[PDB]
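Student: Please find one structure pasted underneath; my questions will follow.
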Amino acid sequence: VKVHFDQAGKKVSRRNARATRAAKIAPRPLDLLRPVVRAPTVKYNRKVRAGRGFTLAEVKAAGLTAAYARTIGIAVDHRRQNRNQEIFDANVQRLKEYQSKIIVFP
Amino acid sequence: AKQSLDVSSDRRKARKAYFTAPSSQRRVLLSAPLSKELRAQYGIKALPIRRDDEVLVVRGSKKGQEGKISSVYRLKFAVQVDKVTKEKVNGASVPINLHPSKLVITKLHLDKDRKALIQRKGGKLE
Amino acid sequence: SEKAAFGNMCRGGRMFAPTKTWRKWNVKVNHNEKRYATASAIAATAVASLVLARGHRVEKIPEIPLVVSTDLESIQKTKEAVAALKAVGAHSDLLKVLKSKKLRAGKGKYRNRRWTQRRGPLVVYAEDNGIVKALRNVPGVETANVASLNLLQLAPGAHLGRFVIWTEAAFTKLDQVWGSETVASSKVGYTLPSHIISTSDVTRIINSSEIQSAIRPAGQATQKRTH
Amino acid sequence: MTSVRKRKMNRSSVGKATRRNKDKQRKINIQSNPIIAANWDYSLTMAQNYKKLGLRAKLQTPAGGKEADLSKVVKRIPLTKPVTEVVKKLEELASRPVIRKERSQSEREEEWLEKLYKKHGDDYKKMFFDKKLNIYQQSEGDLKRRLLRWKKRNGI
RNA sequence: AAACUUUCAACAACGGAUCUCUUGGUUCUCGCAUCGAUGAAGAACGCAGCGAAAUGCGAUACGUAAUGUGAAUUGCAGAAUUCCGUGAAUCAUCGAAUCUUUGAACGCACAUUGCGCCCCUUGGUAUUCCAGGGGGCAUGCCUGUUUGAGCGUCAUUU
RNA sequence: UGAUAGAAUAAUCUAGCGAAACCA
RNA sequence: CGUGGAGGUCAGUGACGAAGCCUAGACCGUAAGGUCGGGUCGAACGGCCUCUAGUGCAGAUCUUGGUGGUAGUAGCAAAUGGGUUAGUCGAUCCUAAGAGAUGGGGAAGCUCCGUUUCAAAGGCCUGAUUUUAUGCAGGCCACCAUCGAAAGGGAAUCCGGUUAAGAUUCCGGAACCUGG
RNA sequence: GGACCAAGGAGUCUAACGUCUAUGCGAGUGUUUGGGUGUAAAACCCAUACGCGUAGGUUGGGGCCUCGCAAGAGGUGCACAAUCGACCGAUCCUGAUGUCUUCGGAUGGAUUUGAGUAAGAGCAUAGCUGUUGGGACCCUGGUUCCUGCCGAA
RNA sequence: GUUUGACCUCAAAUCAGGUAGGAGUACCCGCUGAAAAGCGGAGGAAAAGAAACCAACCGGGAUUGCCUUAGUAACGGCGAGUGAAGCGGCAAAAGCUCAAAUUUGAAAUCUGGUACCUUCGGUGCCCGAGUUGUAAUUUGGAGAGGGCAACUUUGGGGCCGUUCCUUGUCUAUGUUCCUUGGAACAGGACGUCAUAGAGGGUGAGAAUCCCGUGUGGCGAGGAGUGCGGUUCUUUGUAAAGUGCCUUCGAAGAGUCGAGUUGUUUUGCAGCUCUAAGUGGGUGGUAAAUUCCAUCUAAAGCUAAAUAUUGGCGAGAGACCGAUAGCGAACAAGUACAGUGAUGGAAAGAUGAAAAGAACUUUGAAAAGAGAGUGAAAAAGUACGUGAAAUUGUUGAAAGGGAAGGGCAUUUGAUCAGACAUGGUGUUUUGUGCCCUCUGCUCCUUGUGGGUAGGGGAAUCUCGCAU
């Protein structure tokens, strides 16, 4: 037996985390740059979704290295495979738009 | 009202703070307001009372009496002023334990700690 | 306590029905139903026969619903806003609240609920400009953004029609908040709900002309006792 | 407050090691850039304050509803009835070139290049197959790169 | 008739019910992460001018030193503060010390107040002898230093 | 220091202390 | 109808006396009950619209507390500061039947076997060990931790005096033993 | 079953189905896992998902209309009921046009079938209650206010 | 050479430096295990965790946790009932390190000792450790060697701020009049503050008496690289990254697996057997001498989202108010009981102040009586208030071996039992919102409201008084 009495409280604490982390990460977003990825499982195969990370080859197609891209806040998954054209292209456009909107301090 | 979270408004906590207070906090609690003349003198309203200074009584049954404090009985949150006593049926004398919130200080006993305290509280000390 | 003779009848024994935490505390409410209750409260605040029916000192106020300029929001000091409510005429309500401070009759006096007093005006603002700090110190007054409009603040004790003061921009903003037949809702898929009867007065309908045409003549309105 | 430890610590003459934290955990300093520390407000939120900056606070797709906060009046559809600033400041700061230093050459190896420059001159196929003063057998073009850096540094 | 018995009332007993409080629990939430061989927790014995418990302390014993505040402490007794301050206080804070006997308990033993061993210091005629004071001396494991041993293996006519 | 005393010789009365069982 | 608590309200009541208690005081209720007087008393408490429940007792040989009779009865218990002084007296030391670490060996393991056993189980003598010139050489000895006796084994003290209560232990005199 | 008296003292809570009632919306409904917000365990706003549901005739007949002063007459007929239908699925025969030699179901029958079609009603919350399970009224015994109404075996 | 020395092993050190134990144990992880207990081991979390994964899709992509999947699949004398998981939405997000081929043009590596220095360390020197392999580089997502073309990059300190912690200090407004009271903090009148009307204390309900509260300010001592400025230096053929070309291009074995036994509901363990390298694991697929999918096991680390009836602290409560609430509001795990393991009570309120009853007297002594304090001993350390059961005295009545109530009435006792004292008409005189004249003022602007000055009742008239 357990009752979530702290449901109101923990959220507050969580936003405190979402405050406090943000304090350290002051210009940058809290979250990384995640891929837009179409789901499996025919019930959901029309659904698109947030994915974990893009790939090496896609980040190369964006025009940078993944080792550098992790410093730019772009989530990268090696074990994913890019197999759909439109997914790949839309995520490349996403990467380009993310590159357009950042300004990086030396 | 209470805006800080670190401030608390529990009656039980507040009384447990009050009655179990150490003596250094008690002389801060045992504070008396100055006269209108002394406020015109130093620009300050209330002060921690000690024993060397002079006072008048503004409430109670012994209202409109005055004197120098004999001793500050900090353990009972109280203060024995000289010459405000009950004389028992043996003929002996025992002072009324007064309370500094019911007192108005008339003549201060000024010291270097006291002068520096008046200075740090913004006093216009002569 | 969990385990902390053995009888409910016994001195010091375990009690009948140890009170357990998993008894229901919060109660789920349909969202449209909650919004409907708030809408009925807001509509009730206009009337002011209801506000007198709850008990408020609003007999000398300019009109209903009382609407002040938005400049009220820009007051940042308590004495100025209290003088402003004097200039309104809600002074008697404030004095009622201030006199009404009594001590709680229960044991809950020593459960940090020591004092009790009536409720007063409710100030509705579009935007804070220091007004909520200025009215914080005066008792009985409670402020509310138009977006929230707390029902507990609206109909306290489930009695409809607390005395509510509006700022000018808030009163315009109420159209944004609830919509109309002209302005949409700003709430997702919400509609200000309909009436099942159009005319609020039944005796007007009964005594109108045409029911009064269609109806047979009436009795004595108390029966003539025969035999 | 019924453990033996808590009761003894209550009755003890030590006093509780009491520290107050609950007020100061809500407020945070941002600690990182003085520009954001200037424009930070401590009143709006992380979210509202990042929006007022112009920086995208969360990247993508917030759960829940944002504040559309009544910027405009929306009117009903008739259905055809019948008849930047701080962004600019940080953009200048990132656009500001740092005072960089050219990577120079070390004195021994530029002296080595100076020996090669007088021994062979400018040609590279002879100095590539030179044993003395090319004992590390430098690459054909690394020689060119170091000599061009040395010439731009000294001796045209 | 008194005495006695019963009932009722008055006053007085007995009793602690009721009412009102409450430095107590009870439950929920939030933050934090911190015991030991540098001797824990726990036990014992003492320490106050006058103490029984409670707390505090360790023979420097309801404490010492430090820092801050600035005149107390208080049941009685008694010091005071040269008081314009190196300063009371059962004050606060606490970072330097002391820390009795045990206890993971640690020189060996132990039903002994048994038996030691080593080092440092001082004295008593002191080169021997004795006395005092002080400090170490448990097991396992790791790394290293040092000392050995082995019929283990090998070399040994420039 | 310890033990109900007083009287009946040092073999019944007074005094002192004083229950429990049970109890439409 | 009543009870604890909660929201609203009566700008409700209250140290010129709340709540509670008593009331051979009055009143209203069919009743559950409610209202007032008086007395006592000292600090909070009510009416109304709602909410909420640890919400209503004569019994359960119920729990706890208090008080009866029994009973002045049974019966007499039923409950009723000071002082110990030891080389010689003992313990301590030795071993007895027996117990038991170590080295080892068993056992998933708590631990079990075994006691001088298949152990490198210490402490003594000599040295210009006569040349390697600032590094230990040559020999000797031979079983085994510890515990186990206030009656076994075992260094040595007697007389007289003295205390409210102590003495081969204090006092006086007279002795002895061990080690240096 | 009882010496008396005071206080305490026994159908509480939760989960799953079920009826009823109230409320909001309605072929849809359900904010509160979570996010945003806040005067901060309150209130306020809500993205994507998810849950559950959705995806003919005759006879009458409430009424209503007409006429009739009325009584009645005629007409249209809510809900619902009965009939005769129809169709779908099944049921057992017919077994064609074709047919890979065993495939096929065309057509016509037959009874019942079914919360079937032939024009929805549900979802959510609350309350009271039914069954079951958690210690589950308390320890055979006990089980706490009044009045009214209905009231068996 | 019967000598001497390398090793290697094994001993010994009152050698140097370290470390293990025990307590607690809410949460965590292992082991054992009944009708949980126990054992072992940690931490602020732990565990798990970067696929030998899930899927069959338009594929997804470490772990963890929440909602849903779902009371479904599946299991079960398919009885009792037991009881998942993929996906989706969300919270949180983070990835890395070894082991395989040589640095061989130089073991480039490190502990320790010592001397110094700017000391959670640095430098030097010297012992050691180590080739039976310590460094650099490389963990498949490859990578390495070169070469080409370019570009692109540099590290370390200081100091002062900032940030964090621990503190210290400052920062409003009545004690204004009256009544009551022992005491105003009560009641009334008049106020002031407020980003402060939370709370507490002060002899009764205190914003304004005090402490605080609220708003800001000034410090102090630390922690620290989080970043922000300054300042000092850092290169040595130093280190790295991207594209192209060329040449190569090595990985977890008593393991995988098989059988059996136990255990669990498929893993795990034991025993026996025991592999491969275009390998192996796993799953669908078939028009079938199938194709396709998807990972790399047998090595390791990793924050956060998570649990937490323990610790250290806070803050709250539609909780209980001294038979309740913890056993314990109190000198409660106490007194006490038990040989022990263990069990385990009862017990809160004088008063505002002890002002705790001077003094006289009875009295062994206990207790009195005078007296006094106190607002109150109808508060006397038996003490707030002080119910019932029960006891004593007095009064009344009844009874004589009398039991209780219900109705109804006498008798006796007793109580209640106007602050009632007016109305109607007439008359006298006086006065005013009555009369007249002259105004002022508020709007709701009328069928209005307030209000002034002088005159008159000589006459009328209203109200009032008489």
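As shown in the structure tokens, the chain order sets the letters A, B, ...; within each chain, residues go from 1, and ligands are also counted from 1 in the order they appear.
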Starting from chain I, keep only residues with some atom at most 7 Å from an atom of chain C, counting only C-alpha atoms (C1' of nucleotides), and report them as a ChimeraX atom specification.

Tutor: /I:194-195,197,323

Student: Do you know which residues are at most 10 Å from residue 124 (chain D) counting only C-alpha atoms (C1' of nucleotides), after dropping those on the same chain fewer than 4 positions away, and could you put them as a PyMOL selection string?

Tutor: chain D and resi 116+120+128-130+140-141+143-144

Student: Could you please determine the separation between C1' of residue 39 (chain H) and CA of residue 126 (chain C) in Å, to one decimal place?

Tutor: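 Straight-line distance from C1' of residue 39 (chain H) to CA of residue 126 (chain C) works out to 14.6 Å.
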
Student: Grab the CA of residue 53 (chain B) to CA of residue 65 (chain B) distance for me, in Å with one decimal place.

Tutor: 15.0 Å

Student: Tell me, as a PyMOL selection string, which residues lie within 9 Å of region 85-102 of chain A, counting only C-alpha atoms (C1' of nucleotides); anything in the same chain fewer than 3 positions away does not count.

Tutor: chain A and resi 33+35-38+54+58-59+61-62+72+74+82

Student: Skipping near chain neighbours, those fewer than 3 positions away, what residues fall within 10 Å of region 64-73 of chain G using only C-alpha atoms (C1' of nucleotides), listed as a PyMOL selection string?

Tutor: (chain C and resi 10-12) or (chain E and resi 14-16) or (chain F and resi 18-23) or (chain H and resi 3-8) or (chain I and resi 323+389-391)

Student: Using only C-alpha atoms (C1' of nucleotides), select each residue of chain D with any atom at most 12 Å away from an atom of chain E, and give the selection as an MDAnalysis selection string.

Tutor: chainID D and resid 1:2 5 7:15 17:26

Student: Would you pick out the contacts of residue 102 (chain G) at 12 Å or less, using only C-alpha atoms (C1' of nucleotides), so that residues sharing its chain but fewer than 5 positions from it are not included, and give the list as a PyMOL selection string?

Tutor: chain G and resi 114-117+119+121+144-146

Student: Generate the output file for the selected residues, N, CA, C and O atoms (P, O5', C5', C4', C3', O3' and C1' of nucleotides), as a PDB file, in the first residue's frame.

Tutor:
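Here's the written file result-v7.pdb:
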ATOM      1  P     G G 114      39.820 -35.688  19.791  1.00  0.00           P
ATOM      2  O5'   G G 114      41.349 -35.272  19.666  1.00  0.00           O
ATOM      3  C5'   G G 114      42.272 -36.056  18.898  1.00  0.00           C
ATOM      4  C4'   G G 114      43.523 -35.260  18.600  1.00  0.00           C
ATOM      5  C3'   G G 114      44.228 -34.661  19.807  1.00  0.00           C
ATOM      6  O3'   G G 114      45.014 -35.675  20.431  1.00  0.00           O
ATOM      7  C1'   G G 114      43.962 -32.990  18.160  1.00  0.00           C
ATOM      8  P     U G 115      45.141 -35.744  22.036  1.00  0.00           P
ATOM      9  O5'   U G 115      46.333 -34.729  22.330  1.00  0.00           O
ATOM     10  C5'   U G 115      47.573 -34.805  21.594  1.00  0.00           C
ATOM     11  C4'   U G 115      48.463 -33.648  21.972  1.00  0.00           C
ATOM     12  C3'   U G 115      48.726 -33.504  23.473  1.00  0.00           C
ATOM     13  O3'   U G 115      50.112 -33.282  23.719  1.00  0.00           O
ATOM     14  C1'   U G 115      47.898 -31.470  22.595  1.00  0.00           C
ATOM     15  P     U G 116      50.905 -34.115  24.851  1.00  0.00           P
ATOM     16  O5'   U G 116      52.119 -34.759  24.043  1.00  0.00           O
ATOM     17  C5'   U G 116      51.929 -35.396  22.765  1.00  0.00           C
ATOM     18  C4'   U G 116      52.836 -34.769  21.731  1.00  0.00           C
ATOM     19  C3'   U G 116      54.302 -34.607  22.156  1.00  0.00           C
ATOM     20  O3'   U G 116      55.316 -34.934  21.196  1.00  0.00           O
ATOM     21  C1'   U G 116      53.465 -32.551  21.382  1.00  0.00           C
ATOM     22  P     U G 117      55.235 -36.265  20.291  1.00  0.00           P
ATOM     23  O5'   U G 117      54.439 -35.753  19.009  1.00  0.00           O
ATOM     24  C5'   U G 117      53.830 -36.665  18.080  1.00  0.00           C
ATOM     25  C4'   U G 117      52.505 -36.128  17.580  1.00  0.00           C
ATOM     26  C3'   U G 117      52.457 -35.765  16.107  1.00  0.00           C
ATOM     27  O3'   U G 117      52.371 -36.935  15.298  1.00  0.00           O
ATOM     28  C1'   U G 117      51.216 -34.197  17.420  1.00  0.00           C
ATOM     29  P     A G 119      56.626 -32.115  11.992  1.00  0.00           P
ATOM     30  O5'   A G 119      57.128 -30.628  11.736  1.00  0.00           O
ATOM     31  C5'   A G 119      56.993 -30.032  10.432  1.00  0.00           C
ATOM     32  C4'   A G 119      56.863 -28.535  10.558  1.00  0.00           C
ATOM     33  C3'   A G 119      58.099 -27.826  11.120  1.00  0.00           C
ATOM     34  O3'   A G 119      58.397 -26.654  10.363  1.00  0.00           O
ATOM     35  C1'   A G 119      56.196 -27.222  12.363  1.00  0.00           C
ATOM     36  P     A G 121      62.030 -24.222  14.498  1.00  0.00           P
ATOM     37  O5'   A G 121      60.483 -23.878  14.679  1.00  0.00           O
ATOM     38  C5'   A G 121      59.995 -22.521  14.643  1.00  0.00           C
ATOM     39  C4'   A G 121      59.196 -22.218  15.890  1.00  0.00           C
ATOM     40  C3'   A G 121      59.976 -22.267  17.205  1.00  0.00           C
ATOM     41  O3'   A G 121      59.705 -21.120  18.004  1.00  0.00           O
ATOM     42  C1'   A G 121      58.070 -23.673  17.332  1.00  0.00           C
ATOM     43  P     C G 144      58.496 -31.780  27.348  1.00  0.00           P
ATOM     44  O5'   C G 144      58.018 -30.490  26.544  1.00  0.00           O
ATOM     45  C5'   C G 144      56.658 -30.012  26.557  1.00  0.00           C
ATOM     46  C4'   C G 144      56.621 -28.570  26.101  1.00  0.00           C
ATOM     47  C3'   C G 144      55.252 -28.038  25.671  1.00  0.00           C
ATOM     48  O3'   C G 144      54.935 -26.847  26.387  1.00  0.00           O
ATOM     49  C1'   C G 144      56.890 -27.547  24.025  1.00  0.00           C
ATOM     50  P     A G 145      53.451 -26.617  26.946  1.00  0.00           P
ATOM     51  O5'   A G 145      53.380 -25.038  27.144  1.00  0.00           O
ATOM     52  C5'   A G 145      54.096 -24.142  26.277  1.00  0.00           C
ATOM     53  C4'   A G 145      53.302 -22.883  26.027  1.00  0.00           C
ATOM     54  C3'   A G 145      52.496 -22.314  27.191  1.00  0.00           C
ATOM     55  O3'   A G 145      53.275 -21.665  28.196  1.00  0.00           O
ATOM     56  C1'   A G 145      51.196 -22.225  25.228  1.00  0.00           C
ATOM     57  P     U G 146      52.944 -21.911  29.760  1.00  0.00           P
ATOM     58  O5'   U G 146      51.380 -21.625  29.857  1.00  0.00           O
ATOM     59  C5'   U G 146      50.859 -20.289  29.759  1.00  0.00           C
ATOM     60  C4'   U G 146      49.352 -20.313  29.628  1.00  0.00           C
ATOM     61  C3'   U G 146      48.583 -20.805  30.842  1.00  0.00           C
ATOM     62  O3'   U G 146      48.494 -19.848  31.893  1.00  0.00           O
ATOM     63  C1'   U G 146      47.691 -21.812  28.911  1.00  0.00           C
TER      64        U G 146
END

Student: Calculated over only C-alpha atoms (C1' of nucleotides), which of the candidates E:4, E:108, E:151, E:89 has the smallest distance to chain B?

Tutor: E:89

Student: To one decimal place, how far is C1' of residue 369 (chain I) from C1' of residue 11 (chain E) in Å?

Tutor: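 One can read the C1' of residue 369 (chain I) to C1' of residue 11 (chain E) distance as 20.9 Å.
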